[PDB]
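Remarks on the overall topology
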Amino acid sequence: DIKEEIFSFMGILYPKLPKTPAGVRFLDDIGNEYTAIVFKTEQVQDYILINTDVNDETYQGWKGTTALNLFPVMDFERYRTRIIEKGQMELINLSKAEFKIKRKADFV
Amino acid sequence: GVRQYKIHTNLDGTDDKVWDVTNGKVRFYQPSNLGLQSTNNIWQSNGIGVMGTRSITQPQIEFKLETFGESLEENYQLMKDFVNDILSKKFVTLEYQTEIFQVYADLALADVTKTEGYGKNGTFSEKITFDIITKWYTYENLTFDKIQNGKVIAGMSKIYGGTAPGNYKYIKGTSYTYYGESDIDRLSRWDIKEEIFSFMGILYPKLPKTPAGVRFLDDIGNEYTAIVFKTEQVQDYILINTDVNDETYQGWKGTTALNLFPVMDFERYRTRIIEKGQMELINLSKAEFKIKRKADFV
Amino acid sequence: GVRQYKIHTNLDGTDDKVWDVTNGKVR
Amino acid sequence: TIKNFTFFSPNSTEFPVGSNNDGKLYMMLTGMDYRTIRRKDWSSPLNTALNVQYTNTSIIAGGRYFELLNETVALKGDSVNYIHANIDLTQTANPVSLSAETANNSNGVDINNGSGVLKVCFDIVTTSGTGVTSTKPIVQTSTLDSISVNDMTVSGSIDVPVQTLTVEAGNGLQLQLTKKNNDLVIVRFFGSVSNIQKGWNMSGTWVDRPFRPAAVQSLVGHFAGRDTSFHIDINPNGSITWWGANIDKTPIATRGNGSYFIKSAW
Amino acid sequence: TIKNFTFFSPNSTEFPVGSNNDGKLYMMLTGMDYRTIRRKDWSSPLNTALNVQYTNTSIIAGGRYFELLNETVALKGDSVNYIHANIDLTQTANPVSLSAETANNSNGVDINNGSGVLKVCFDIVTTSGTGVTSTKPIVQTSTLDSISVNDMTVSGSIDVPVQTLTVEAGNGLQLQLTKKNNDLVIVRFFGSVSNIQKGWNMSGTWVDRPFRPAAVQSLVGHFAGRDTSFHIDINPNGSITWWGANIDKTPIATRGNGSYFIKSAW
Amino acid sequence: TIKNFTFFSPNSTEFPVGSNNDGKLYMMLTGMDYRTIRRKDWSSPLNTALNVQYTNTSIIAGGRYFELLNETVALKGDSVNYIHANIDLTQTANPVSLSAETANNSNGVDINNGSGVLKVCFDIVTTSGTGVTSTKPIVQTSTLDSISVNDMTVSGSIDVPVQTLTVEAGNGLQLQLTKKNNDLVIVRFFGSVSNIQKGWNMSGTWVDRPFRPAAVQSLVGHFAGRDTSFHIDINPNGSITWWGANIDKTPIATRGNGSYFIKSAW
Amino acid sequence: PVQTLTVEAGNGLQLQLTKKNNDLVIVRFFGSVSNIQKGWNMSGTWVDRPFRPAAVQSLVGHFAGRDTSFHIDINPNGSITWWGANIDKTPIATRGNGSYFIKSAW
Amino acid sequence: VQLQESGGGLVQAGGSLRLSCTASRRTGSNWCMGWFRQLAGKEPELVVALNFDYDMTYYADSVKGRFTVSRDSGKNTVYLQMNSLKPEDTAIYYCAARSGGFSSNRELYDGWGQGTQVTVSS
């Protein structure tokens, strides 16, 4: 439930069904999707690591102790923006997701 | 205890003249800045910084130049000799010593003032500025030797062989010997973990026609550059100096020196900017390096 | 009560070195 | 039967040295059991997402030496991961493997004398949902008998034996003695003294043999709420002699701490 | 990758033991780093003019074992000579050499994991212009984690942690507390006391938690230049109770040492 | 000459490692001499009539490792039997044997450098006329130089150095000082004091340098058979200052124990 | 050639040595001596190697304002031995010139 | 610069005993040969010394008129004739030799012996 400004986020995504794209989608205050980070891998991944930090941007799938760059396999058309608006994030074919959000305050 | 500055007209050279600019008749006081500047080419996207390439800038060093001659004649002589000693070389070397370090800086005179506003005995109080060429370095000597492991021999080598759970034996004069070492190749390699301004090397080729030199591998084990030569005859040794301002590639056979530039692989010598990773030998039995280590701040 | 500043070499990393720039030897 | 190992084999067959014999030898030299390790990170392990990469770590487990060279262990998220070295001698090609487990499952299995898989925990790696938050190594225990040393520096603490004794010395005086390392004694005075003269032996219990000093010890005490003091002598025979002034029928509260050594030089 | 050593090689080729692997193993068993040695003179070295002949000395440096058998090192006259063992693994036929140097030039070079020459000082030999005047060995350090021992004999000293605290107890009384091994405390009284009654809690600062005893401790003190004394109780809660006689407006200097244990039995 | 062992043999023949060289290496790693052992009963020995059966016991003697596997030693009845491991390197096929002896006949023979039979006692087995009544192992000694440790647990005792000094302080005052670990001092007062004033230095011998504290120490004493007390200051320079009341021509017996630390926080 | 050396011999005694031709040395005594006994080695700095004689040299000195004298021995090993009478806590000014040869017949 | 420490053992208080010491070589001029005393675990101290080149003796005030140091020909051998012995005199007597005269400092001595134990019975 997105109520505040953020810089970026980082997350560990656990896909559910095989042969099905997985990721997350973002919806605005009126419930319309405006951006999403979704992947379609050839092989099932144990988990996917994402990081929207402009200076340490990562989209990598982990299978055992092996990491794979999943960026070439992202739905580029759905990834409209990295700018997260108020509204909500839903999971896409995930059993669980663990986030570390970098909350923002221009002045303190 | 206190910090020491010295000006060398030729560091590690046979004709080196040293001016002790801490205790001598010509002294340096108050360096303008021994610090540095850095840029990461950051641009802000509504306060959010977007990082680019990181780069260091070394500022000029300006010192207060003071003479301690006991007469007008001595002070004029001191100024004239000090300045012309600097002016007579392509560059000069500042030695910066404390209880925790002894570092060097290759400098070029940027400006020097000369006025008439004398104190007792016509002593000078002027300003001297230096442009930085190579700021803060030390020399590190490293030897690389191409050593091969022995063979594993049942009955001789330390190994738990034979019937389960395996064994070795102590046998007078044959007992057990160690076959070799794990990663014996480490002794013929430079494990590059630090920044370098340049290096000097004495390379010992093995075989005649095959190229001979050194190769540099990055952190992911890929070759990005190599300094290699294909001579008609085996050279006793090859001298290489990678310094941008004074490079050399010279082979030695007997008392004969040969310029190796014509015989250097111009395709493989991609860069002199040495990255973290490792240096391997190419058809060399041994190599002796004098590395000019880099320290941006001290 | 008074404000505290610290320099972290790797916030949230096991190798983090913290310089107390309010009470340490470097301020 | 006697099986000899560290000896020459005159006919190159007599004394084969097995891996289990060297294992037991190494365990004995270092003073380790099957429930501890010897471990050294020659270079730091590296954490990446829910993984720990042992870059260059040597381990001795059950007297068996092995090296972890860029060996990655996958971790459970939001968990305390107990990293184990598992030794299965039946897996002849790869007898050692690493695991990340929910508890310390070290089993103390004697792999040098019998069958079974030795499991020994050597690292504790705590995770968040995204990566490693902290790492703590398992302690390396040295089990020794008698040590002769020149100098020692202790960064933590030394635990030494402690014995206590309460003595009803007589005349209302009570001593509470605490002895540490079987040498240093601190006596705490309690009770209230009456009907005693200077030089007189107190009418009660003598000090038990384990608390008796080699030489007479004079311990200073104080009368509560007064500016007056006393002393008692704990004699080598265990008797206690009063050395305060004469005390009449009215009891006076006796307090204070006094220390003594049981043992003299040699 | 896991590299195994103290294991069976089914086809006599799987796990050969390299000299650097044994080096690391031995360093771990004995608890030595690259800045110390293990050394034993089986027979006494012999001094002849400006020379030391090691008749039969074994050394372990960087986990590498070697023997000095009638090995003479030449010395500098009227000097303190630092005798070093130098290990250069590239010198395949003669990896070890001895040197006599003007300073302790031990370099801690990791010869089992990397390149370089290990230099480690093991002896200090002082000379006159004609011969050896004295010899002192370098200490052999054993770096251990947790030790379980039955008995120990120390010929030098044990260094344990020390903490200090100054308490302004109130009424002019000052306590300077020194705690060693987190257990034994010696209290030194200072200041001058006034305006206090027997049984009253002192008006100042309570003892900090790390110095509080498990049980009440009565500490005897003395009034400087007088034949009078007092005692105070350090209570487990940190409070201090006055147990001398009532003191008026005129301060009286308070001095003396009192000891107590923080920890009880078990 | 230098003989190298823990080094790679390029042609598999350069550095053969003998059993004597490994013996010395192992002795050095564990810190054992020829008068001790390393011993571990992997399974309990069994007592049957006047016999002890070592079921599975490993022993290290003179750095030589061997195993006792169902090895029976016949015992003398109604006796204290000293069980020895005897190593005779000339008995090529069977260099090790066990004996039950009437005394501890450990001989400390250097078998790794010279000739001779090493005898080392490792067990003490007491009998009745019919069987074993008790068994006590010989202590396994670790001879170390400098130890750096985090934590230590001692089940027996720590023996630290003890120094004593008697000071004829002046004016009839005597101090008997006992210093342990070179830090903790307990002062015992003796003698009888006369002709002294408050603040005056005692007219006799100053405290010897090894007993001088880093900071002034006030030590409380008591006058035998009286309600009165005194204190003295042991100054860092070694002088002693009287801080009791003024004493006239008539001597008063001085007694009591006072403790101080020589070393402060460092 | 001329070489000079100042030695703080200990006990308050100061020697100022002037060596000419690397052979002839003239020692000038300065300072004031206290707390020394006959036959005792002085508590300070030993003579630098270039000024050490091949054989022991006994150099006579005088006590300023007195009719009393002393002598010191400069030993080949560099040490200085006091050969005057025993001196108490009060220092007495020491002066005088003494000469010696560094080299013997060779 | 090797040392031999002949003589020394057990004797009664108020009695007499002797000590012998021979040095292999002499390090130079102002050749002093003597003995350092170590009582009840305290710091070692020079008690008896003889300047060979000057034939001058040193005795510590505590042993004056009780002890006598003698020389044997040109053998570089020193003897300590200890008469009217005391219980305090029970100490470990090490032989010290040097070039440069008498000194309180241990390091300044070119030759240091093993040490012979003196036990004055009561």
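For each chain, numbering begins from 1 and proceeds through the sequence as written. The entry may number the same residues differently, and residues missing coordinates are not shown. In the order they appear in the text, chains get letters beginning with A and ligands get numbers beginning with 1. Values throughout refer to the chains shown here, themselves only part of a larger assembly. Remark: hydrogens and water are excluded; side-chain values derive from all non-hydrogen atoms of the structure. Residues with missing side-chain atoms are left out of burial classes, side-chain pairs and their counts.

**Some remarks on the overall build of chain A**
Along the backbone of chain A there are zero helices and eight strands. Put simply, DSSP marks the helices as runs of H or I at least four residues long and the strands as runs of E at least two long, and each gets a number from the N terminus on. Reading the secondary structure of chain A in the N-to-C direction produces β-β-β-β-β-β-β-β. Here the globule rule is a power law, 2.2 Å times the number of residues to the power 0.38, and the radius of gyration is based on C-alpha atoms. The C-alpha atoms of chain A give 14 Å as radius of gyration, which agrees with the globular expectation for 108 residues (13 Å, within 12%). The C-alpha extent of chain A, read off along each of the three principal axes, is 45 × 30 × 25 Å. Here, residues are in contact when the closest pair of their heavy atoms is within 4.5 Å. Contacts in chain A between residues far apart in sequence, at least 24 positions, make up 65% of those at least 6 positions apart.

**Let's talk about the domain arrangement of chain B**
All names here are of chain B. Considered domain by domain, chain B is made up of domain 1 (1-33 + 60-135), domain 2 (34-59), domain 3 (136-147 + 181-295) and domain 4 (148-180). What marks off one domain from the next here is an automatic or database domain assignment. One C-alpha centre belongs to domain 1, the other to domain 3; they are set 36 Å apart. Each partner contributes to the interface: domain 1 provides 14 residues, whereas domain 3 provides nine residues. Throughout, buried area stands for the accessible area (probe radius 1.4 Å) lost by two parts on being put together, summed over both. Summed over the three residues of domain 1 that lose the most area to domain 3, namely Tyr104, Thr134 and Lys135, the buried surface amounts to 43% of that side.

**Considerations on the state of the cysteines**
Residue and element names in this part refer to chain H. In what follows, a disulfide is any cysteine sulfur pair within 2.5 Å. For the structure shown, the criterion picks out one disulfide over all chains. Note that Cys21 is cross-linked by a disulfide to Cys95, the S-S spacing being 2.0 Å. Residues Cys21 and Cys95 share a disulfide whose torsion about the S-S bond is about -100°; that sign makes it left-handed. Remark: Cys95 occurs in strand β9 (residues 92-99) and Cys21 occurs in strand β3 (residues 16-23); sequence separation between them is 74 residues. Both residues of the pair, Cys21 and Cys95, belong to the buried class. Between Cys32, a free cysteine, and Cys95, which holds the nearest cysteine sulfur, the sulfur-to-sulfur gap is 12 Å. For every residue, the accessible area obtained with a 1.4 Å probe (protein chains only) is divided by the maximum for its type, and the residue is called buried under 20%, exposed over 50%, and partly exposed between those limits.

**Some remarks on the arrangement of the chains**
Separated without contact, chain C and chain H have their nearest C-alpha atoms at a distance of 43 Å. The closest approach of any C-alpha atom in chain D to one in chain H is 11 Å; the two make no contact.

**A short note on the sheet that holds strand β17 (residues 217-223) of chain F**
The strands that make up a sheet are held in pairs by hydrogen bonds between backbone atoms, and each pair lies either parallel or antiparallel. Residue and element names in this part refer to chain F. A strand pair is defined by DSSP finding two or more bridges across the two strands. The strand order across the open sheet formed by seven strands is β14-β15-β16-β20-β17-β18-β19, and the pairing between neighbours is antiparallel. Every interior strand has two partners, whereas the edge strands, β14 (162-170) and β19 (240-242), have only one. Across this sheet, the average inter-strand angle for adjacent strands is 20°, counted without regard to direction. In the sheet, β14 pairs with strand β15 (residues 173-180) via eight bridges, with the strands oriented antiparallel. Bridging across to β15, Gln163 finds its partner in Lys179. Only the contacting stretch of a helix is used when fitting its axis, a line to C-alpha atoms as for every element, and angles between N-to-C directions run 0 to 180 degrees.

**Focus on the side chain of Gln4 of chain B**
Residue and element names in this part refer to chain B. Secondary-structure assignment places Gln4 in strand β1 (residues 4-8). Engagement of the side chain of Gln4 in a polar contact is seen with the side chain of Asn23, the distance being 2.8 Å. If we skip the residues at most four places from it in the chain, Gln4 touches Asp20, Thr22, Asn23, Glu95, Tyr96 and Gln97. Polar contact is defined as a pair of N or O atoms within 3.5 Å, subject to the rule that within protein one atom must be able to donate a hydrogen and the other to accept it, and that residues adjacent in sequence are counted only when both atoms are side-chain atoms.

**So, the pairing of strand β11 (residues 125-145) of chain B**
Residue and element names in this part refer to chain B. Where strand β8 (residues 61-67) lies against β11, six bridges are found, and the strand directions are antiparallel. Residue pairing for β11: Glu66 is matched across the bridge by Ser125. Relative to β11, strand β10 (residues 102-112) is paired through eight bridges, and the arrangement is antiparallel. Residue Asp106 lies in a different strand from β11, and its bridge partner there is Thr134. For β11 and strand β21 (residues 284-294), the ladder comprises nine bridges, and the chain directions are antiparallel. Counted as the bridge partner of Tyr139 is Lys292 from β21.

**Some remarks on the nonpolar core**
By convention a nonpolar core is built from buried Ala, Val, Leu, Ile, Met, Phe, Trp, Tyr and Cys residues, the set being connected through side-chain atoms within 4.5 Å. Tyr26 of chain E together with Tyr26 of chain F are the most contacted members of the largest nonpolar core, which totals 128 residues. Every residue in contact with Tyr26 of chain E, bar those within four places of it in the chain, is listed here: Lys158, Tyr176 and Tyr178 of chain B, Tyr26 of chain D, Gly63 of chain E together with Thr6, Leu25, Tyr26 and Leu29 of chain F. Counting residues in each nonpolar core, the second largest holds 62 residues, with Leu13 of chain G together with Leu19, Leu85 and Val118 of chain H among its members.

**A closer look at the relation of the copies chain D and chain F**
Mapping between the two copies of the chain is achieved by a rotation about an axis and a shift along the axis. The way the copies are matched up is a least-squares superposition on C-alpha atoms. Rotating chain D by 119° about the axis while translating it 0.5 Å along that axis superimposes it on chain F, leaving an RMSD of 1.1 Å. These values place the two chain copies in the arrangement generated by a three-fold rotation axis. The rotation axis passes nearest to the C-alpha of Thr228 of chain D in chain D, at a distance of 3.3 Å.

**Things to note about the interface of chain D and chain F**
Taken together, the contact between chain D and chain F spans 63 residues of the former and 75 residues of the latter. Interface of chain D and chain F: buried area, both sides summed, is about 5,500 Å²; carbon and sulfur atoms make up 58% of it. Joining chain D to chain F, the criterion identifies 41 residue pairs in polar contact. Elements represented by at least two residues in the side of chain D that touches chain F include exactly β1 (2-4), α1 (19-30), β12 (146-149), β13 (151-154), β14 (158-159), β18 (217-223), β19 (229-234) and β21 (252-261) of chain D. Counting residues per element, the side of chain D that touches chain F draws most heavily on α1 of chain D, at seven residues. Three categories are distinguished: nonpolar for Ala, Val, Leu, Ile, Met, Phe, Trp, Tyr, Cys and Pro, charged for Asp, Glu, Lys and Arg, and polar for the others, with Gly belonging to the last. The residue inventory of the side of chain D that touches chain F, partitioned by class, reads 32 nonpolar, 21 polar and ten charged. Judged from the three bridges that link them, β1 of chain D and strand β5 (residues 64-74) of chain F form a sheet pairing that is antiparallel.

**Quick notes on helix α1 (residues 19-30) of chain F**
Side chains that are three or four residues apart share a direction in an α-helix, a result of its 3.6 residues per turn. All names here are of chain F. Residue count minus one, scaled by 1.5 Å, sets the expected span of a helix. With twelve residues, α1 should cover 16 Å at 1.5 Å per step; its first-to-last C-alpha distance of 16 Å lies within 8% of that length. Buried residues dominate α1, accounting for eleven of its twelve residues. For α1, the complete set of buried residues consists of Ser19, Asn21, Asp22, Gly23, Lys24, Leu25, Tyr26, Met27, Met28, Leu29 and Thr30. Immediately downstream of α1, the backbone of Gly31 shows phi near 70°, a positive value.

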